[PDB]
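Coming up are structure 1 and structure 2: the same protein chain in two forms, each one given alone as structure tokens.
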Structure 1
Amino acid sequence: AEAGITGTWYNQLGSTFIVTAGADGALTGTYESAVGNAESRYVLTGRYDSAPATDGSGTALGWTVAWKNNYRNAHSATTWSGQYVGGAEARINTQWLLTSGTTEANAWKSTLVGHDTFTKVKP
């Protein structure tokens, strides 16, 4: 449901995600990362699957953040693929891939993989 996702979220690393989920399955917002070559907010764009889900199943969603804004250019993009679980303590569990632009030779070391969990605070 767009509503429950829409809000301010923070993860275990201390980063901020402000997102608005549109009725058509769209997600737009700003991301603030507590770590890496990142300063201030960055635009985020993604999609979520408005599931009929009568199973107590999480909603599958994903978003990209290219790390370039008017103050910094990290030359990298992170995609998060995860599941949103609501209820009283709503969480978004994810796994992410962070690709940095590289030369052909160094492409084998371009992607980092990891996992983040977001806890919601405000709508």
Structure 2
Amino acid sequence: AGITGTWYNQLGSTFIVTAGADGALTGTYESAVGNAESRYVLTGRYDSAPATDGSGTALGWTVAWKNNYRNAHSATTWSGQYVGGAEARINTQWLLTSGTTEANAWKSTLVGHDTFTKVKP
């Protein structure tokens, strides 16, 4: 039980993360195929002493879409919470920002959502 582990969205995109004792999230995020070109560094933070009243655990992380194979000139942040129990889940909303000219900055940031579980689809 806990945030540390391997997580999947419904499309099989997979992050492998360690949740450190003083709030660090560190790992990788890769495609369902899991080839090297598809793998990116994931870094974030979480509440290492959450409430004990049934509340989830607040967290967030970032992936910049550059690795040693390709570069999309963009980065995504996910903001959400971890919910423990029999079917642990991380529910998120995300922001995806592209590097843009000043003229195009108004259309630099997309919003969306996703959910992750430890069960491989």
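Residue 1 is the first residue of structure 1, and the numbers go on in sequence order from there. Residues that one form lacks are left out of the comparison. Heads up, when I say rigid core I mean the largest set of C-alphas that superpose within 1.5 Å between the two forms.
No residue of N37, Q95, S57, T45 other than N37 has its CA displaced by 2 Å or more between structures 1 and 2 when the core is superposed. On rigid-core superposition between structures 1 and 2, the C-alpha of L13 is found to move 3.0 angstrom. Taking a Cα shift of 2 Å or more after superposition on the rigid core as the cut-off, the stretches of three or more consecutive residues that move between structures 1 and 2 are 12 to 14, 33 to 39, 121 to 123.
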